[PDB]
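Below is one structure, written out as structure tokens, with a few remarks after it.
What follows draws every value from the coordinates through simple rules; no lab data is involved. A quick note on method: Cβ atoms are made from the backbone with ideal geometry, for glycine too, and the neighbour counts reach across all protein chains shown.
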Ligand SMILES: [Cl-]
């Protein structure tokens, strides 16, 4: 077997590594994307997935927008099959220091919880959105109470920070 999780906690598995490669070998079904909610797809995740889908993501997005409402931090929306057997879920995390940063985040995990098949997803609202990893995790673990989930990060420091979460 090839890409192995570097930590495992309940049915959540944590992977480090590049995106395309993860998608490629982990073969998911739902790729959760971290999107800033009026839906320009910039930075490590989104600018990533968009490119991988040949930019279909963005094409569906402008489309989406004409007959549907911008996504409200604390909400996510699903684009079914942006590729064949590849669904992208557009998660809008809260910014740092809006209110119930807490609650909002958890709904996002909660909504993610809800999907079908293999999920690959990054940690919401971490990175540019400047929310502590501790929390996005804290929330993650709480919410997706029971289902297999595939979380990925990019950095080392990230990877580590996660390990010490479980060690203490
Ligand atoms: Cl909703």
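A few remarks follow.
- Just one residue in the set 135, 160 is in a helix (DSSP H, G or I) and either over 24 Å from residue 97 (Cα atoms) or touching a residue at least 40 places away in the same chain (Cβ under 8 Å) (or both); that residue is 160.
- Number of positions in the stretch 11-49 that are surrounded by 14 or more Cβ atoms within 10 Å (Cβ to Cβ), in a loop (DSSP other than H, G, I, E, B) and free of Cβ contacts under 8 Å to residues at least 40 places away in the same chain: 1
- When 141, 105, 78, 123 are checked against the criterion of being part of a helix (DSSP H, G or I), surrounded by 13 or more Cβ atoms within 10 Å (Cβ to Cβ), touching a strand residue (DSSP E or B) at 6+ places or on another chain (Cβ under 9 Å) and in contact (Cβ under 8 Å) with a residue 12 or more places away in the chain, a single residue qualifies: 141.
- Residue that is nearest to the chain's Cα centre (by Cα) [pool: residues in the stretch 144-154 that are surrounded by fewer than 18 Cβ atoms within 10 Å (Cβ to Cβ) and touching a residue at least 40 places away in the same chain (Cβ under 8 Å)]: 154
- Qualifying residues in the stretch 81-99 (those that are assigned to a loop (DSSP other than H, G, I, E, B) and in contact (Cβ under 8 Å) with a residue 12 or more places away in the chain) - the one nearest to the ligand (Cβ to nearest atom): 92
- Applying the condition of being closer than 20 Å to residue 46 by Cα and within 13 Å of the ligand (Cβ to nearest atom) to the stretch 111-123 and asking which residue is farthest from the chain's Cα centre (by Cα) yields 111.
- Subset of the stretch 61-75 that is crowded, with 18+ Cβ neighbours inside 10 Å and over 13 Å from residue 34 (Cβ atoms) - its residue that is farthest from the ligand (Cβ to nearest atom): 61
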